[PDB]
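Consider the single chain below, provided in structure tokens and representing the form deposited in one PDB entry.
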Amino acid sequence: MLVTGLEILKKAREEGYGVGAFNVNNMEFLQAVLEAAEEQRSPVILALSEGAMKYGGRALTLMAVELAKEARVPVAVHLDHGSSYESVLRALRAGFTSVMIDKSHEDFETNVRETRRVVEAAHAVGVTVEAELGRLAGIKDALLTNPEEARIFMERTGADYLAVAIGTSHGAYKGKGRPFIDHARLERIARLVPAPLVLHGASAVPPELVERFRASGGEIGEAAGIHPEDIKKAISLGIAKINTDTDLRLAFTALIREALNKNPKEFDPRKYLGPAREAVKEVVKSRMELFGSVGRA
């Protein structure tokens, strides 16, 4: 069933588990995410970036929303990283039930004002919103989320869930080796901010996947993602929404590569896109196992 992001995230934090927000850009990623959710009888969030918005267009948003209503598990359709008020309006227009306005690279007052404006529009149409305080960077101090400012930010904006900067970042190159997650800071934030918390750039980028990618011909540096244990503890401390994108992309590209390397003569797209879709699905299922959302529907 299609529900708001908060209905899912509030329940999650209260019950101590995490729900995955998986980015999708077309039909098979969307199918993999939803089937994984159905097989795990687990709530899920379909994340569509502004990029997915441009690439997938009406077809993608039509799928995300309508297929969500038919899902037998709770599903929310989330705008990931809305960069403006107008971008958010188009998500509201496309039937999304959750939207993120990212202005963390702006100063406090601007971030507050921009986010508050989004909150009012969204709340007027029953959509819940995610905002971000702090800049997702490698490794109070630095520009990692400040606990007291998080409380203030949330009270002033009225946002529904907060993305926090506690050590993560986007990409396949999180850090050289196991990236450090400020779990102490997470707890302080959680103590003052009762809203469910959000973790961006949380892909695992497991070594075997990077390995399977290189073997198919892919080329990538010394990639590395957040450690499973860090994610498990982050969740226990308040993280209710974990974003995953990179992992899905690697698995998908890998399988496509193996298929084309091995079968010259294959030009039926279902033959190489199908197994790539399956792999994405398996990853989503693992992630749900990790987040503890299995049987949570």
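All residue numbers refer to positions in the sequence shown, first residue = 1. For clarity, a rigid core is taken as the largest C-alpha set superposing within 1.5 Å between two forms.
What comes next is about the form deposited in another entry, which is not displayed.
- Residue showing a CA shift of 2 Å or more between the shown form and the other one (rigid core superposed; candidates 207, 194, 126, 171): 171.
- Between the C-alpha atoms of residue 172 and residue 229, a gap widened by no less than 3 Å is obtained in that other deposited form, as opposed to the form on display.
- With a change of no less than 3 Å, the CA-CA distance between residue 171 and residue 188 is smaller in that other deposited form than in the form shown.
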